[PDB]
Amino acid sequence: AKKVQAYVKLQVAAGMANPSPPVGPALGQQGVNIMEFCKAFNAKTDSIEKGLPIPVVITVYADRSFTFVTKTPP
Amino acid sequence: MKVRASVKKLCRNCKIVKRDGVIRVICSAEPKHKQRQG
Amino acid sequence: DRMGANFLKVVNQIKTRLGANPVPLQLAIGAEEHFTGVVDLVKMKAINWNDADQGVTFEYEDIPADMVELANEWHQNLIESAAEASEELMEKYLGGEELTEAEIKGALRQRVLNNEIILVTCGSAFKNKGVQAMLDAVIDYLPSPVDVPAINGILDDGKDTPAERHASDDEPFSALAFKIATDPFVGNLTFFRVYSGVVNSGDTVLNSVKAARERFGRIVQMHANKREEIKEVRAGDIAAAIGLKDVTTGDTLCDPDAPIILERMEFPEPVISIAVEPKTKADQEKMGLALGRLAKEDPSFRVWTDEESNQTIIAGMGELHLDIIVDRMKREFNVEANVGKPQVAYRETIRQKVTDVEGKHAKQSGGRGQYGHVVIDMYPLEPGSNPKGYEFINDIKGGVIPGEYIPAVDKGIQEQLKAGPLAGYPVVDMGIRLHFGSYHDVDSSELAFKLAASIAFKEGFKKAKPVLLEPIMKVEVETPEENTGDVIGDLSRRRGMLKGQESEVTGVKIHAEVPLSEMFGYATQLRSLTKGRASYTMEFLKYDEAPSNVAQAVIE
Amino acid sequence: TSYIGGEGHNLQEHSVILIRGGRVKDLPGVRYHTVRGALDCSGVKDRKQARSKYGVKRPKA
RNA sequence: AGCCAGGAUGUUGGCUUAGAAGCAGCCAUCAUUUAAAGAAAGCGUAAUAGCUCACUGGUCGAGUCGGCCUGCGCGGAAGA
């Protein structure tokens with residue numbers, strides 16, 4: 001799998017987009033943009049539902065290609 | 001290096017040595033744990 | 001020429017840090033001791049110089065073997081850059097064509113005029129080497145007034161008629177005043193750059209930048225400090241005008257019905273803030289004057305007349321900036337200033353709630369006298385933005401306070417409202433009420449009621465065991481990525497309260513709320529904690545709980 | 001001693017001002033007025049007529 | 001004991017919604033994947049990431065480890 005490139009335990013509530021102030025360095029301490037994160041968030045998380053506090057896997061590659069795989073609200 | 005008249009182990013890296021009869025605590029990690037006779 | 005000098009290290013840093021796409025059209029000949037010249041990468045030749053220093057005469061040489069392999073390498077990469085934003089010369093490289101030396105000399109010149117890449121040259125000014133080659137590049141690769149497009153601007157009217165500042169000697173007169181510095185022996189030497197047009201020494205010009213109309217005294221040119229007078233003010237040049245008043249720093253001068261091509265540039269922030277105290281207030285007048293002519297010529301320097309403490313505040317850009325400024329005063333302007341510190345904005349507030357405190361005022365002794373007796377309910381009001389810092393409500397129901405006295409009693413409270421007996425500071429957030437009272441006929445005047453409530457105010461105030469409130473001033477900063485915690489802890493130590501932090505483009509923006517009193521000279525500290533790669537802004541946010549220890553300390 | 005005629009002021013202990021005579025006839029000791037809009041002083045805010053004195057500019061209207 | 005190994009999922013588990021995410025504490029102090037692993041002993045963090053350890057696999061080849069009771073010693077321990 002992917003070793004220490006960017007792995008952080010996050011996304012409490014998948015009911016909001018553009019998590020600029022609240023999240024920021026939460027995963028931004030390492031290598032990720034905010035505006036594209038939520039645009040990436042729109043890509044798959046609005047199909048399950050918007051509002052629920054869903055947890056997701058943050059996967060990032062040094063090739064500057066960040067993506068995720070969703071789960072069910074804990 | 002402290003000259004506390006009663007030496008003790010502060011962490012894992014802390015260890016006792018009986019050089020010269022003088023009790024000595026040496027820390028392989030924290031040089032603040034380095035004190036002399038007690 | 002110094003120990004540890006690596007040329008190539010720079011041509012990487014300029015990318016790794018600044019990303020300038022370096023094109024080292026120069027490359028040295030040797031290390032600390034071994035530096036013996038450079039290799040000219042436009043003719044693929046190298047230069048050797050004369051005896052250690054004095055740069056007597058150039059020794060026209062070739063590439064020594066020890067670097068021949070390398071010079072050819074960077075060269076093919078140099079000429080690889082000879083055509084990267086131009087298809088015509090691209091096929092020249094695509095077909096590997098031997099492009100004309102003098103030609104490719106200008107190919108990059110287009111790119112530098114396009115402001116993409118920069119000449120990277122090496123030399124030891126202390127050893128006189130590398131300098132000459134650099135000076136040649138200043139010509140063979142640098143622009144001229146006509147090499148830059150005539151800047152677009154405005155005229156003076158609404159549509160502004162976007163114009164161009166042609167350096168042609170037939171374009172209407174135009175020039176901007178970039179520097180302001182009064183000479184001692186001569187006068188108010190003002191500097192300016194001739195943009196368009198010309199004139200002889202002395203013309204009446206319309207300073208459309210501020211809507212002014214001035215003249216021109218002598219038109220002198222400053223070699224370094226020697227006065228060189230000129231008559232024809234040739235387009236595209238620079239010189240120093242003399243004998244003007246209205247021309248503030250950064251102003252364009254244009255007389256021939258040719259309004260300004262104005263642009264504004266000066267907008268830094270007077271981050272550093274201190275206070276200063278002249279000895280013998282007579283020295284204060286001249287200080288007011290000296291600072292006046294001083295603080296006007298230099299732009300980023302500000303002065304305030306504190307509306308709270310009436311303190312003469314210096315506002316500057318950096319640690320040294322203020323240091324030299326005051327250094328100037330005593331020395332060349334004759335001004336002894338004692339550097340003080342900013343005052344505060346403490347506010348008195350009642351902690352608890354009073355219940356019945358009454359204020360009586362009776363002094364008869366015969367003749368005419370005064371009488372008054374009221375009660376109030378001073379309550380800690382919500383420290384809201386309601387302009388009624390104190391909220392007061394009439395509460396006499398039986399008609400025992402004749403209408404006349406209301407304005408009187410409230411003034412009594414409001415007069416003492418800005419004295420804050422606890423520490424002399426103003427008062428805030430007060431839910432005062434007027435629940436009961438009692439008036440004596442004729443002997444009771446408006447006067448006694450101003451007093452009585454004021455004294456009444458006091459006991460309830462003293463029964464509320466008041467607390468102070470410092471001003472809390474919002475703060476936002478910027479530190480790349482590596483000083484994150486180090487900056488925060490610093491802020492945390494300052495008795496600040498952290499309130500949020502974000503990661504962006506290349507910086508970490510942090511939002512915190514810290515007492516202003518602890519910001520005495522914060523800026524310098526941050527620059528130290530961040531290699532000077534950090535800065536902030538800070539502005540009023542609110543008045544908040546004073547610190548207990550300092551509360552007993554701040555007391556005079 | 002000087003009298004700041006007009007309406008209010010904005011002066012405190014430093015302001016360099018220009019002085020002219022004219023006893024107030026009311027506050028004894030005073031023998032002088034302070035020219036509004038002079039060298040450190042602000043001309044009164046909203047003084048429509050008789051605005052020459054008080055250094056109140058001609059209204060923008 | 002050293003030498004090669006590992007040391008997991010829900011799980012960011014609430015709240016004082018700044019945030020204390022195994023590592024400030026309160027609360028609980030679970031159940032599963034289980035050669036083993038505590039929802040944690042310590043270093044590292046605004047809050048994370050990070051580095052190890054308990055426990056456990058093998059190697060290796062024999063004793064090893066923690067308190068209690070006392071004998072006699074060392075340090076504590078510098079004056080004209």
# chains A, B, ... in the order shown; residues from 1 in each chain; ligands from 1
>>> residues_around(residues="residue B:12", least_positions_apart="4", cutoff="12 Å", atoms="only C-alpha atoms (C1' of nucleotides)", output="ChimeraX atom specification")
/B:8,16,25-30,33 /E:41-43,52-53
>>> interface_residues(of="chain C", to="chain A", cutoff="10 Å", atoms="only C-alpha atoms", output="PyMOL selection string")
chain C and resi 481-482+484+500-505+508-511
>>> residues_around(residues="residue E:46", least_positions_apart="2", cutoff="8 Å", atoms="only C-alpha atoms (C1' of nucleotides)", output="VMD selection string")
chain C and resid 485 488 to 489 498
>>> interface_residues(of="chain C", to="chain D", cutoff="12 Å", atoms="only C-alpha atoms", output="number ranges by chain")
C: 281-289, 305-312
>>> write_last_selection(atoms="C-alpha atoms", output="tab-separated table (two decimals), in the first residue's frame")
chain	number	residue	atom	x	y	z
C	281	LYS	CA	8.31	71.04	25.73
C	282	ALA	CA	9.81	74.02	23.93
C	283	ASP	CA	11.83	71.17	22.31
C	284	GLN	CA	8.39	69.63	21.74
C	285	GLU	CA	7.33	72.43	19.32
C	286	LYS	CA	10.48	72.07	17.20
C	287	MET	CA	9.95	68.30	17.48
C	288	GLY	CA	6.43	68.79	16.17
C	289	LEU	CA	7.96	70.89	13.41
C	305	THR	CA	-1.87	62.32	17.99
C	306	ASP	CA	-3.34	59.75	20.38
C	307	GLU	CA	-7.02	60.48	21.04
C	308	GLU	CA	-6.81	58.58	24.32
C	309	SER	CA	-3.51	59.48	25.91
C	310	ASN	CA	-2.48	62.41	23.77
C	311	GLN	CA	0.87	60.78	23.12
C	312	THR	CA	3.10	61.57	20.13
>>> atom_distance(atom1="atom CA of residue C:328", atom2="atom CA of residue C:290")
10.2 Å
>>> interface_residues(of="chain E", to="chain A", cutoff="9 Å", atoms="only C-alpha atoms (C1' of nucleotides)", output="PDB file with N, CA, C and O atoms (P, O5', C5', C4', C3', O3' and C1' of nucleotides), in the first residue's frame")
ATOM      1  P     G E  10     -10.554   2.162  10.541  1.00  0.00           P
ATOM      2  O5'   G E  10     -11.912   1.944  11.355  1.00  0.00           O
ATOM      3  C5'   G E  10     -13.175   1.716  10.677  1.00  0.00           C
ATOM      4  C4'   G E  10     -14.322   1.734  11.674  1.00  0.00           C
ATOM      5  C3'   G E  10     -14.361   2.941  12.597  1.00  0.00           C
ATOM      6  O3'   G E  10     -14.952   4.080  11.970  1.00  0.00           O
ATOM      7  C1'   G E  10     -14.639   0.976  13.883  1.00  0.00           C
ATOM      8  P     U E  11     -14.033   5.353  11.599  1.00  0.00           P
ATOM      9  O5'   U E  11     -13.030   5.482  12.832  1.00  0.00           O
ATOM     10  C5'   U E  11     -12.190   6.647  12.992  1.00  0.00           C
ATOM     11  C4'   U E  11     -11.194   6.434  14.114  1.00  0.00           C
ATOM     12  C3'   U E  11     -10.228   5.253  13.947  1.00  0.00           C
ATOM     13  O3'   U E  11      -8.979   5.527  14.612  1.00  0.00           O
ATOM     14  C1'   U E  11     -11.485   4.957  15.906  1.00  0.00           C
ATOM     15  P     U E  12      -7.967   6.653  14.039  1.00  0.00           P
ATOM     16  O5'   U E  12      -8.496   8.006  14.699  1.00  0.00           O
ATOM     17  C5'   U E  12      -9.153   9.005  13.896  1.00  0.00           C
ATOM     18  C4'   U E  12      -9.513  10.221  14.722  1.00  0.00           C
ATOM     19  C3'   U E  12     -10.633  10.021  15.739  1.00  0.00           C
ATOM     20  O3'   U E  12     -10.106   9.619  17.008  1.00  0.00           O
ATOM     21  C1'   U E  12     -11.155  11.854  14.334  1.00  0.00           C
ATOM     22  P     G E  13     -11.008   8.763  18.039  1.00  0.00           P
ATOM     23  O5'   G E  13     -12.345   9.614  18.245  1.00  0.00           O
ATOM     24  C5'   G E  13     -13.510   9.422  17.401  1.00  0.00           C
ATOM     25  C4'   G E  13     -14.729   9.100  18.245  1.00  0.00           C
ATOM     26  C3'   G E  13     -14.830   9.840  19.572  1.00  0.00           C
ATOM     27  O3'   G E  13     -15.269  11.187  19.465  1.00  0.00           O
ATOM     28  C1'   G E  13     -15.124   7.549  19.981  1.00  0.00           C
ATOM     29  P     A E  21      -8.250  13.335  23.439  1.00  0.00           P
ATOM     30  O5'   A E  21      -8.226  12.278  22.241  1.00  0.00           O
ATOM     31  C5'   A E  21      -8.381  12.729  20.873  1.00  0.00           C
ATOM     32  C4'   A E  21      -8.098  11.614  19.886  1.00  0.00           C
ATOM     33  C3'   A E  21      -6.659  11.102  19.800  1.00  0.00           C
ATOM     34  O3'   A E  21      -6.685   9.713  19.410  1.00  0.00           O
ATOM     35  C1'   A E  21      -7.242  12.147  17.756  1.00  0.00           C
ATOM     36  P     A E  47      -1.549  20.740  21.682  1.00  0.00           P
ATOM     37  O5'   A E  47      -2.444  20.202  20.469  1.00  0.00           O
ATOM     38  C5'   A E  47      -3.878  20.040  20.599  1.00  0.00           C
ATOM     39  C4'   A E  47      -4.481  19.566  19.288  1.00  0.00           C
ATOM     40  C3'   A E  47      -3.926  18.271  18.706  1.00  0.00           C
ATOM     41  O3'   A E  47      -4.445  17.076  19.280  1.00  0.00           O
ATOM     42  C1'   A E  47      -3.956  19.889  17.007  1.00  0.00           C
ATOM     43  P     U E  48      -3.624  15.699  19.111  1.00  0.00           P
ATOM     44  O5'   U E  48      -3.313  15.639  17.541  1.00  0.00           O
ATOM     45  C5'   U E  48      -2.353  14.708  16.992  1.00  0.00           C
ATOM     46  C4'   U E  48      -2.504  14.636  15.488  1.00  0.00           C
ATOM     47  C3'   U E  48      -1.569  13.679  14.764  1.00  0.00           C
ATOM     48  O3'   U E  48      -2.038  12.332  14.820  1.00  0.00           O
ATOM     49  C1'   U E  48      -1.637  15.734  13.599  1.00  0.00           C
ATOM     50  P     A E  49      -0.980  11.120  14.908  1.00  0.00           P
ATOM     51  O5'   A E  49      -0.031  11.338  13.645  1.00  0.00           O
ATOM     52  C5'   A E  49      -0.521  11.166  12.295  1.00  0.00           C
ATOM     53  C4'   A E  49       0.580  11.465  11.297  1.00  0.00           C
ATOM     54  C3'   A E  49       1.891  10.741  11.547  1.00  0.00           C
ATOM     55  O3'   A E  49       1.886   9.391  11.097  1.00  0.00           O
ATOM     56  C1'   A E  49       2.350  13.022  11.193  1.00  0.00           C
TER      57        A E  49
END
>>> select_by_dssp(residues="chain B", states="strand (DSSP E or B)", output="list in words")
residues 14, 15, 16, 17, 20, 22, 24, 25, 26, 27 and 35 of chain B
>>> residues_around(residues="residue B:36", least_positions_apart="2", cutoff="7 Å", atoms="only C-alpha atoms (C1' of nucleotides)", output="list in words")
residues 1, 2, 3, 23, 24, 25 and 38 of chain B
>>> write_last_selection(atoms="C-alpha atoms", output="short mmCIF file (atom, residue, chain, number, x, y, z; two decimals), in the first residue's frame")
data_model
loop_
_atom_site.label_atom_id
_atom_site.label_comp_id
_atom_site.auth_asym_id
_atom_site.auth_seq_id
_atom_site.Cartn_x
_atom_site.Cartn_y
_atom_site.Cartn_z
CA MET B 1 25.04 18.60 35.64
CA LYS B 2 23.10 18.44 38.88
CA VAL B 3 24.85 17.51 42.10
CA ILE B 23 27.13 7.36 41.78
CA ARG B 24 26.39 8.64 38.28
CA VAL B 25 23.29 8.84 36.12
CA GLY B 38 24.01 11.43 45.59
#
>>> residues_around(residues="stretch 40-43 of chain D", least_positions_apart="6", cutoff="9 Å", atoms="only C-alpha atoms (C1' of nucleotides)", output="list in words")
residues 6, 9, 10, 11, 15, 16, 17, 18, 34, 53, 54, 55, 56 and 57 of chain D
>>> write_last_selection(atoms="C-alpha atoms", output="PDB file, in the first residue's frame")
ATOM      1  CA  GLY D   6     -17.827  78.346  17.683  1.00  0.00           C
ATOM      2  CA  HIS D   9     -13.043  71.811  19.432  1.00  0.00           C
ATOM      3  CA  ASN D  10     -10.393  69.142  18.909  1.00  0.00           C
ATOM      4  CA  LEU D  11      -7.502  70.794  20.731  1.00  0.00           C
ATOM      5  CA  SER D  15      -2.008  72.180  18.946  1.00  0.00           C
ATOM      6  CA  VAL D  16      -0.184  75.174  17.459  1.00  0.00           C
ATOM      7  CA  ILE D  17      -2.770  77.874  16.912  1.00  0.00           C
ATOM      8  CA  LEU D  18      -3.044  81.488  15.798  1.00  0.00           C
ATOM      9  CA  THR D  34      -8.515  81.338  18.648  1.00  0.00           C
ATOM     10  CA  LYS D  53     -14.846  83.332  10.071  1.00  0.00           C
ATOM     11  CA  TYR D  54     -14.668  79.867  11.721  1.00  0.00           C
ATOM     12  CA  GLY D  55     -12.627  79.014   8.575  1.00  0.00           C
ATOM     13  CA  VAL D  56     -15.555  76.915   7.303  1.00  0.00           C
ATOM     14  CA  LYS D  57     -15.062  76.309   3.592  1.00  0.00           C
TER      15      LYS D  57
END
>>> atom_distance(atom1="atom CA of residue C:192", atom2="atom CA of residue C:238")
6.0 Å
>>> closest_residue(among="E:55, E:69, E:62, E:80", to="residue E:37", atoms="only C-alpha atoms (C1' of nucleotides)")
E:55
>>> residues_around(residues="residue E:59", least_positions_apart="5", cutoff="12 Å", atoms="only C-alpha atoms (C1' of nucleotides)", output="list in words")
residues 2, 3, 4 and 5 of chain E
>>> write_last_selection(atoms="C-alpha atoms (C1' of nucleotides)", output="PDB file, in the first residue's frame")
ATOM      1  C1'   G E   2      21.143  -9.469  22.588  1.00  0.00           C
ATOM      2  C1'   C E   3      20.487 -10.334  16.686  1.00  0.00           C
ATOM      3  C1'   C E   4      16.439 -10.630  12.301  1.00  0.00           C
ATOM      4  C1'   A E   5      10.268  -9.608  12.812  1.00  0.00           C
TER       5        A E   5
END
>>> closest_atom_pairs(of="chain E", to="chain B", cutoff="7 Å", atoms="only C-alpha atoms (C1' of nucleotides)", output="Markdown table")
| residue | atom | partner | partner_atom | distance |
| --- | --- | --- | --- | --- |
| E:74 | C1' | B:21 | CA | 6.4 |
| E:75 | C1' | B:38 | CA | 5.8 |
| E:76 | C1' | B:5 | CA | 6.4 |
>>> residues_around(residues="residue E:57", least_positions_apart="4", cutoff="10 Å", atoms="only C-alpha atoms (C1' of nucleotides)", output="count of residues only")
4
